[PDB]
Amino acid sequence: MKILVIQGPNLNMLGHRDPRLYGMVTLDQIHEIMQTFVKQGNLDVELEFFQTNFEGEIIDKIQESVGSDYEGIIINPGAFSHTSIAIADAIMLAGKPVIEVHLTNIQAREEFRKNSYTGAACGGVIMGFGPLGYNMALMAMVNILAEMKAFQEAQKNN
């Protein structure tokens, strides 16, 4: 079971700068916490990670997931959440669970950060738990895929 993890603009500078909102954890540190979680829980999940500062690369990458080795996407589109109708459109044609994660509680920051075009297109949104939000998304994803598969074959047979 392949899960894609897409990290948006500036998230590679995470850990390195502004401990007030974000703390002292790098992006690589978040990705290995996600590994431990999977190996520890003994889950049959294989993670691929991708980070870009480019709106187009995010869209390209969501489009590749259609040719489905991947079964789900966990995405933090970063500042593009508030501006990108394109990425929201990409998500709406994925035909697979997409969960949005934000490190910070965007309902408590500047006014231009409150709307998430992208979030409205995703099935679910997690915000404000820092790195933890990411494992919450893995948990969520695994239940959803597990749920879909149980439904599918058990409904298909009869």
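Numbers follow the displayed sequence, beginning with 1. Here, rigid core means the biggest group of C-alpha atoms that superpose within 1.5 Å across both forms.
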Aligning on the core, I want to see which stretch wanders more in 7 other deposited structures of this protein. Is it 61 to 69 or 121 to 129 by C-alpha RMS? 61 to 69
Which has the higher mean CA temperature factor in the PDB entry, 66 to 74 or 51 to 59? 66 to 74
Taking the recorded C-alpha temperature factors, which stretch has the higher mean, 30 to 38 or 100 to 108? 30 to 38
Can you tell me which third, lowest, middle or highest, the CA B-factor of residue 93 falls into for its chain? middle
Sorting the chain's modelled residues by C-alpha B-factor, tell me whether residue 142 ends up in the lowest, middle or highest third. middle
